[PDB]
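Chains as they are written, first to last, in our numbering: chain V, 986 to 1039; chain X, 17 to 368; chain F, 23 to 460; chain H, 117 to 541. Inspection log for the structure reproduced underneath, given as structure tokens.
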Amino acid sequence: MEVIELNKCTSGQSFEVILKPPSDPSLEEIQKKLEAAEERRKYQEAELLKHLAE
Amino acid sequence: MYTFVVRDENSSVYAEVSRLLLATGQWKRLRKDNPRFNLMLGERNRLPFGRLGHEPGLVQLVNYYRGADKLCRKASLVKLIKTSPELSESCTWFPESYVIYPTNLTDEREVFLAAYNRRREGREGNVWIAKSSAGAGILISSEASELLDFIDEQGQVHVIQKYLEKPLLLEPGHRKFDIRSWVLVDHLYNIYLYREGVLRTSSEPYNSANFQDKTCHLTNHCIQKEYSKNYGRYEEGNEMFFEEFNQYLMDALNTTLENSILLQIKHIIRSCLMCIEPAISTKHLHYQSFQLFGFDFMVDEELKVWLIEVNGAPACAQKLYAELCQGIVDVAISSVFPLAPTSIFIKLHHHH
Amino acid sequence: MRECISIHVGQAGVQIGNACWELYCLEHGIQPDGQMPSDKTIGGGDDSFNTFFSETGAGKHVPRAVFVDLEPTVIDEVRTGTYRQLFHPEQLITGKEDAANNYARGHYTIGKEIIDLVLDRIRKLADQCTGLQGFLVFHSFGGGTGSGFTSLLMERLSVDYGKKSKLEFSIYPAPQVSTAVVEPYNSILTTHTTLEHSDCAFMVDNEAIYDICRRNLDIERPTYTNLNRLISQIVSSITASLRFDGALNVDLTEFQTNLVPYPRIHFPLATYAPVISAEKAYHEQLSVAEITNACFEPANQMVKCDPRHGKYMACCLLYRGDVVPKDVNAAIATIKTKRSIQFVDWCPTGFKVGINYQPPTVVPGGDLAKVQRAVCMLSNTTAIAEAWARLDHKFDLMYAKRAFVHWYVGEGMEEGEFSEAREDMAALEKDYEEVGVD
Amino acid sequence: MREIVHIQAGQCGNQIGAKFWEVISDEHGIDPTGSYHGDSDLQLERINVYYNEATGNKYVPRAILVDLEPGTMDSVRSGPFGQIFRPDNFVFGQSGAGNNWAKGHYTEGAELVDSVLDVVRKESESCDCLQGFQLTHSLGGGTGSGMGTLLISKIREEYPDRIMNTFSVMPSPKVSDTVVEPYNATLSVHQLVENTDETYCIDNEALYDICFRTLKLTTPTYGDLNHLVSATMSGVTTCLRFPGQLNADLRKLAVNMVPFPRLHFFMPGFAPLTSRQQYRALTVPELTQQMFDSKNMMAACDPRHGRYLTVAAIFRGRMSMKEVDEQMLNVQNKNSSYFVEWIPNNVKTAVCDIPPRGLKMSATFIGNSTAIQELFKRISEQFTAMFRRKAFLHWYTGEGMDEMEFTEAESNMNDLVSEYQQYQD
Ligand SMILES: Nc1nc2c(ncn2[C@@H]2O[C@H](COP(=O)(O)OP(=O)(O)OP(=O)(O)O)[C@@H](O)[C@H]2O)c(=O)[nH]1
Ligand SMILES: Nc1ncnc2c1ncn2[C@@H]1O[C@H](COP(=O)(O)OP(=O)(O)CP(=O)(O)O)[C@@H](O)[C@H]1O
Ligand SMILES: Nc1nc2c(ncn2[C@@H]2O[C@H](COP(=O)(O)OP(=O)(O)O)[C@@H](O)[C@H]2O)c(=O)[nH]1
Ligand SMILES: Cn1cc(C(N)=O)c(C(F)F)n1
Ligand SMILES: [Ca+2]
Ligand SMILES: [Ca+2]
Ligand SMILES: [Ca+2]
Ligand SMILES: [Mg+2]
Ligand SMILES: [Mg+2]
Ligand SMILES: [Mg+2]
């Protein structure tokens, strides 16, 4: 039961008590992900319009 | 209308409990994967406790205490007894035990040999038994070399504990036996002891000069019914019930089952269960738990009781399935889900 | 002094953000018009509260906050509410139609068209910071914006502000206050794509905040206002060290250092006590030992789970009010001898303690009663994995039938991102078990 | 500002639509002349969803009235609230459809559809942010059935990413105008399977039995049936017409009610349904028990013959929201065998403080149940009974249709039935 790093100021204090010792994607790659999904949406809408045109 | 699910098809106990619940006309069984249940008769292994108590408007109850394995595992019980201040120091009712890991994997090998060499040097009886939870795989021997070498040939954790060389022998027969007590713990953590126990007796005379033939030393019901030649001679199915056993203690020893054995059993059940209560209690939990336990005891010729092990998913004696299962429904299930005596249990009061 | 920018995304984040800044103002003595009589340096200063507030030449104290929602109705509350004067229009961003509880819609379809605008508004706040620490991101798991747009925002922040820390305050989905069936989908999608971008995340399970409100505050059917006022109390306790003088958790970096030794396991469990009803006659004031002991009761945890069957990697005790170190150590010694507190063998069995003498501020007319001392415990337990298990299981039930999947594919998401996200959660669950179970 | 454009086509569509605008106009305080005279701000909060605001604080419904003969729409224009509709929004021909799907869809209707889309386009151009469309019509006639589905097909082409919603009256032999109603209904259903996000299935037989057996009306009329549709239409749209986070807009409701794109046909329900003992206060248990009772449902399908994919319940009036959750959670936990177990929490509840006119409290029911297949089975059986003998086909081949198109519709709906069956197990 040891207390370490006791710091005191006007608004409070903090310390540490030890009981026992131990034993990314780039900007380019994000645009591609967004543009890839935007293309899959454009493809699926074209197939809908092609279906409606028939 | 209450709802329950069945997730252990091999449980003869809760199979009968499930049959009784439907007999009341106020409980309905659902598919085993339906989460909208009041009661879960769960699986033995890997029961998903984390998924309980998160259904809006449903009080959920389960038939197992999460964390009770600490008591029902051979190696866990030994570690729990030795490390718990409530037990280790003054635990005079549990045989001297040691946890031993096979050399192909803490470990109490050296501590075991130290106590072994002390007995061998003092002329004292030095017969130990090695067992594990992965058995049907038991060996009894008086040589440390054989015990340790038998564990290295396997691949799971084992426990070496003192073998009771002076057991109490029934007469006529001169035969060993053990005592099985069923204990029910409800959601409020009351400890109920079934008034009916069973002595699983050996139908062979106890022989202290030959630990090779393990039929007169192991009182398991399956071993007696497979490797014993006098099965069913003295009592039906090698099962003597308290009424007869009590009458015997009066005729032979001039004492009663209560005074000479039951007090110690009730004391041991309390000590074990109160010890782990802070770790497994569901008093302030989002779900509730109860569980049936099977305690196994040994009795020596001084009428001192010893704890062998605790079973977390015990079976029951055929003659007592109806009475006990109905009891599980009265105090364990209907106490939380009431329906629209002379209790068969004995409440062991204690401080929570 | 280093600044902290708070970002509020979606209905949950915005409304919780509104409740926190209401509490921050009451704590720092800031009026609804932005004035602060106690601040003697007019139009400037590098005080602790300046980490969350900037100053204008007229003496106004403006939160370093951005509010983002793909629909304008929730942010219109902020624009015309009590604290309307605090923020300027550049800080409030609203679209015209939401993500319809569809992660793919908020992340891809709608997010792609508004992401550059949000980054620009955030860049304007960053340009007022002389040494920016990082970001606090508030959002829900279930909302299509909270889940879908947040994960995109996090990816870009990692690119635009590489060396900056990012903490989260995430609302775990609870059916008692939800009408969305697909929230498990959104929760798991957003955890997958956000995991490598968040340094530390505090999950709050609405189920926990709900029962606390019914049990402790005697509210039969709590509203979001009740939940959010309680939630912002916990948030205040967690961010207090950044806004007041002190030496524990004085910057966002310290949260990771003190609470997350393993980067993926960055979800500390939060426990708060005491929560007392204001409608009560008058309560007996609880002691240091009693409130500290409450920190190990499941009933006051932000996520319901059983820490008795996990392992602790870190443990932080944040007290506010009349507390002295002597009383804290006394209580801890008692709890150790009674409770089941198992640490991992590669971490010290210790407690970092912080004490702020100013007791918890309570919103006038709110539901919480004034107390003389309170504590928030931050502990990294493997027990919080139960939350992932519950969530992952609901995911498995719907995905086995591909139910509702077409709504996501329709917005341009590939079906494979479902399984890719799920396999990540199965790996996350394995990490918890490798650290906690024997 | 999330506006909805309403369309009503054909005899049935306009008479039901007429009463719908009569009911909600009363609930929002709008009088027959468009002036607001309510006493609560909740009435105007979401008023712009169904009403445009004109000069002088006038509220004009965002509704388009369509038909191929003038008769019915002259009745509307002379009806109680006829003056409230925009005069330009009446688009009608003179030939009629003769209860013929091919005339509404291919010949007569084709000549008139473009001018209908000119009005739709004009109402959408004035929307701050259009949610989507809702169409009221019957499937058994020619205009609402044949031209209605033609409208949907062209509205989806010009507005491919908007929500298309319909209230569809299914024909029943017990309440029938002509024997060709199964033909028209089968042809329309396939259009709806493809081009609608949500379809409330209303069976004229269920409406009849309710008026006779429950309401004790010796001789029901179309007007009596339309009173139920009104109340129901007012109920399902309560989420959209008043403040609330649950089922906020049309796309959010669809995301939570439709697990598979083709299984978007709902069974609606209402409660109470009291006969003239009409002043008795109704308790929350009674509201919930009735709302889930098949007798209170309007698709004429027994829910205990299938399983609920998702359920959405709306409670109106000043009541105990706690007692609502308890009773809802009571019904689910008491019959969890009719709720699929692979969609956690598929039963959602919403509350609203403004009750319908003349009621202390009420509840509306919206179910996506696999039992709806029984409705399509009836239609298919009736279709096939005549088609195997090519009975009455000349009415349709005379309009340019081929037998091959009927065979496809037959298969398309039989596939629709098989899709429901595989999810019921
Ligand atoms: N604690 C709390 N939870 C909220 C609040 N508002 C919404 N939620 C929860 O958030 C989830 C729904 O997500 P939202 O935040 O409303 O969705 P969103 O981020 O606005 O995204 P959209 O789909 O576009 O609306 C549900 O689980 C709600 O219970 C709130 O004010 N406080
Ligand atoms: N230390 C000891 N001294 C004497 N006998 C012992 C003993 N340990 C075990 N036994 C004998 O072994 C038998 C049961 O062994 P154990 O209970 O360890 O195996 P097991 O768990 O597979 C049977 P069960 O679980 O049904 O009680 C008992 O009947 C007892 O007679
Ligand atoms: N509920 C209801 N159903 C109607 C009404 N009028 C007609 N129907 C039904 O609708 C079908 C006839 O369609 P109808 O609207 O007359 O054809 P249309 O004018 O060409 O669109 C038949 O099945 C009728 O039973 C009505 O006022 N109310
Ligand atoms: C064919 N038909 C049925 C009904 C009815 N039962 O209500 C009417 C109505 F016009 F009277 N017509
Ligand atoms: Ca200053
Ligand atoms: Ca990073
Ligand atoms: Ca012509
Ligand atoms: Mg055993
Ligand atoms: Mg939203
Ligand atoms: Mg007609």
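Positions of the beta carbon are idealized from the N, C-alpha and C atoms, including for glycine.
Near residue 391(F), what residues of its chain come up, given a Cβ to Cβ distance below 8 Å and the 5 sequence neighbours on each side ignored?
What you label residue 391(F) is simply residue 369 of the third sequence in a count that begins at 1. If we look at residue 391(F) and ignore the five residues flanking it on each side, its Cβ neighbours are 298, 299, 300, 302, 305 and 384.
Taking 7 Å as the CB-CB cut-off, is residue 52(X) touching chain H?
Along the second sequence, one-based indexing puts residue 52(X) at 36. Taking Cβ atoms only, chain H reaches closer than 7 Å to residue 52(X), which makes this a yes.
Kindly give me the distance between the Cβ atoms of residue 433(F) and residue 123(F), rounded to whole angstroms, as I take these residues to be in contact under 8 Å.
Counted from its first residue, the third sequence places residue 433(F) at position 411. Counted from its first residue, the third sequence places residue 123(F) at position 101. Residue 433(F) to residue 123(F), Cβ: 12 Å. No contact.
Just verifying my parser: in three-state terms, what is the DSSP assignment at residue 138(F)?
Here residue 138(F) is taken as the residue at index 116 of the third sequence, counted from 1. Looking at residue 138(F) - three-state DSSP - the assignment turns out to be helix.
Rounded to the nearest angstrom, what separates residue 388(H) and residue 339(F) at their Cα positions?
What you label residue 388(H) is simply residue 272 of the fourth sequence in a count that begins at 1. What you label residue 339(F) is simply residue 317 of the third sequence in a count that begins at 1. Cα to Cα, residue 388(H) sits roughly 55 Å from residue 339(F).
Please say whether residue 28(F) and residue 87(F) have beta carbons closer to each other than 7 Å?
Position 65 of the third sequence, counted from the start, is the residue given in the question as residue 87(F). Position 6 of the third sequence, counted from the start, is the residue given in the question as residue 28(F). Contact flag set, yes.
Host beta strand (DSSP E) of residue 310(X) (start-end):
Within the second sequence, the letter at position 294 stands for residue 310(X). Unbroken beta strand (DSSP E) run through residue 310(X): 307 to 315.
Give a single yes or no on whether residue 187(F) has its beta carbon closer than 6 Å to a heavy atom of ligand 6.
Taking the first residue of the third sequence as position 1, residue 187(F) is located at position 165. Residue 187(F): no, Cβ never under 6 Å from ligand 6.
Identify every run of the beta strand (DSSP E) within the segment 250 to 331 of chain X, keeping only runs that are complete inside it and at least 3 residues long; order them along the chain.
255 to 257, 307 to 315 and 321 to 327
Beta carbon of residue 320(H), beta carbon of residue 261(H): below 7 Å?
Along the fourth sequence, one-based indexing puts residue 320(H) at 204. Along the fourth sequence, one-based indexing puts residue 261(H) at 145. Not in contact: residue 320(H) and residue 261(H) (Cβ atoms no closer than 7 Å).
Whose CA, out of 187(H), 354(H) and 237(H), lies closest to the CA of residue 478(H)?
Here residue 478(H) is taken as the residue at index 362 of the fourth sequence, counted from 1. The shortest C-alpha separation from residue 478(H) is found at 354(H).
Would you kindly work out how many angstroms separate the C-alpha atoms of residue 221(X) and residue 184(X), rounded to a whole number?
Taking the first residue of the second sequence as 1, we reach residue 221(X) at position 205. Taking the first residue of the second sequence as 1, we reach residue 184(X) at position 168. C-alpha separation (whole angstroms): 12 Å.
Tell me, which residues are paired with residue 43(X) by DSSP?
As a first step, residue 43(X) is located in the second sequence; it is residue number 27 there, counting from the start. DSSP lists 18(X) as partners of residue 43(X).
Note down, in chain order, each residue of its chain lying with its Cβ closer than 7 Å to the Cβ of residue 35(F), except the 5 sequence neighbours on either side.
Sequence index remark: in the third sequence, residue 35(F) carries index 13 (1-based). 160, 161, 162 and 168.
Which residues does DSSP pair with residue 124(H) in a beta bridge?
Taking the first residue of the fourth sequence as position 1, residue 124(H) is located at position 8. Beta-bridge pairing links residue 124(H) to 181(H) and 252(H).
Between the beta-carbon of residue 172(X) and the beta-carbon of residue 152(X), is there less than 7 Å?
To locate residue 172(X), count along the second sequence from 1; it is residue 156. To locate residue 152(X), count along the second sequence from 1; it is residue 136. It is not a contact, given that the beta carbons lie outside the stated cut-off.
Consider the Cβ of residue 437(H): report whether some Cβ of chain F lies at a distance smaller than 7 Å.
For the purposes of this step, residue 437(H) is taken as residue 321 along the fourth sequence, with counting starting at 1. Chain F, which has a Cβ nearer than 7 Å to the Cβ of residue 437(H), makes this yes.
Is the Cβ of residue 273(H) closer than 7 Å to any Cβ of chain V?
Here residue 273(H) refers to the residue found at position 157 of the fourth sequence. Interface residue, yes.
Mark residue 1028(V) as exposed unless 16 or more other C-beta atoms lie within 10 angstroms of its C-beta, in which case mark it buried.
On the first sequence, residue 1028(V) is found 43 positions in, with the first residue counted as 1. With fewer than 16 other Cβ atoms within 10 Å, it is exposed.
Please compile the residues from chain F whose C-beta is within a distance smaller than 8 Å of the C-beta of residue 82(X).
Numbered from 1 along the second sequence, position 66 holds the residue referred to as residue 82(X). Within 8 Å Cβ-Cβ: 328 and 331.
Give the single residue among 414(F), 327(F) and 82(F) whose Cα lies nearest to the Cα of residue 207(F).
Taking the first residue of the third sequence as 1, we reach residue 207(F) at position 185. Checking every option, the nearest Cα to that of residue 207(F) belongs to 414(F).
Any non-hydrogen atom of ligand 6 within 6 Å of residue 180(F) CB:
Stepping through the third sequence from its first residue, residue 180(F) is reached at position 158. Yes.
Within 6 Å: the Cβ of residue 408(F) and any heavy atom of ligand 9?
Taking the first residue of the third sequence as position 1, residue 408(F) is located at position 386. Residue 408(F): no, Cβ never under 6 Å from ligand 9.
Taking the alpha-carbon positions, what's the residue 399(H) to residue 327(X) distance?
What you label residue 399(H) is simply residue 283 of the fourth sequence in a count that begins at 1. What you label residue 327(X) is simply residue 311 of the second sequence in a count that begins at 1. Residue 399(H) and residue 327(X): Cα-Cα distance of roughly 51 Å.
Alpha-carbon to alpha-carbon, residue 227(H) and residue 609(H):
This structure gives no information on residue 609(H), because the portion of chain H shown stretches from 117 to 541.
Taking residue 244(H) as part of the beta strand (DSSP E), name the residues at either end of that continuous run.
Position 128 of the fourth sequence holds residue 244(H). Careful: residue 244(H) lies outside any beta strand (DSSP E) and carries neither H nor E.
I'd like to know whether the C-beta of residue 17(X) is nearer than 7 Å to at least one C-beta of chain H.
Within the second sequence, the letter at position 1 stands for residue 17(X). True, the Cβ-Cβ gap to chain H drops below 7 Å.
Taking 7 Å as the cut-off, decide whether the C-beta atoms of residue 591(H) and residue 473(H) are in contact.
In this structure chain H extends from 117 to 541, so residue 591(H) is not present and cannot be described.
Residue 61(X): beta carbon under 6 Å from a heavy atom of ligand 8?
Position 45 of the second sequence, counting from 1, holds the residue named residue 61(X). Not so, every heavy atom of ligand 8 lies at least 6 Å from the Cβ.
Any beta-carbon of chain A closer than 7 Å to the one on residue 178(H)?
The chain inventory of the structure shown lacks chain A, comprising the protein chains V, X, F and H.
Along the chain, where does the alpha helix (DSSP H) containing residue 511(H) start, and where does it finish?
Stepping through the fourth sequence from its first residue, residue 511(H) is reached at position 395. Start and end: 510 to 513.
Rank 123(X), 112(X) and 117(X) by C-alpha distance to the C-alpha of residue 132(X) and give the top, closest one.
One-based indexing of the second sequence puts residue 132(X) at position 116. Ranking the options by Cα distance to residue 132(X), first place goes to 112(X).
Residue 324(F) lies in the alpha helix (DSSP H); which residues open and close that run?
Taking the third sequence and counting its residues from 1, the one referred to as residue 324(F) is at position 302. No alpha helix (DSSP H) contains residue 324(F), which DSSP labels as neither H nor E.
Who does residue 998(V) pair with in a DSSP beta bridge?
Locating residue 998(V) in the first sequence gives position 13, counting from the first residue. Paired residue(s): 993(V) and 377(F).
Please find out if some non-hydrogen atom of ligand 3 comes closer than 6 Å to the beta-carbon of residue 293(H).
As a first step, residue 293(H) is located in the fourth sequence; it is residue number 177 there, counting from the start. Correct: residue 293(H) has its Cβ closer than 6 Å to ligand 3.
Our contact map puts residue 317(H) next to residue 383(H) with C-beta atoms below 8 Å; I'd like the distance itself, whole angstroms only.
In the fourth sequence, the residue the question calls residue 317(H) occupies position 201. In the fourth sequence, the residue the question calls residue 383(H) occupies position 267. Rounded, the Cβ-Cβ distance is 6 Å, consistent with contact.
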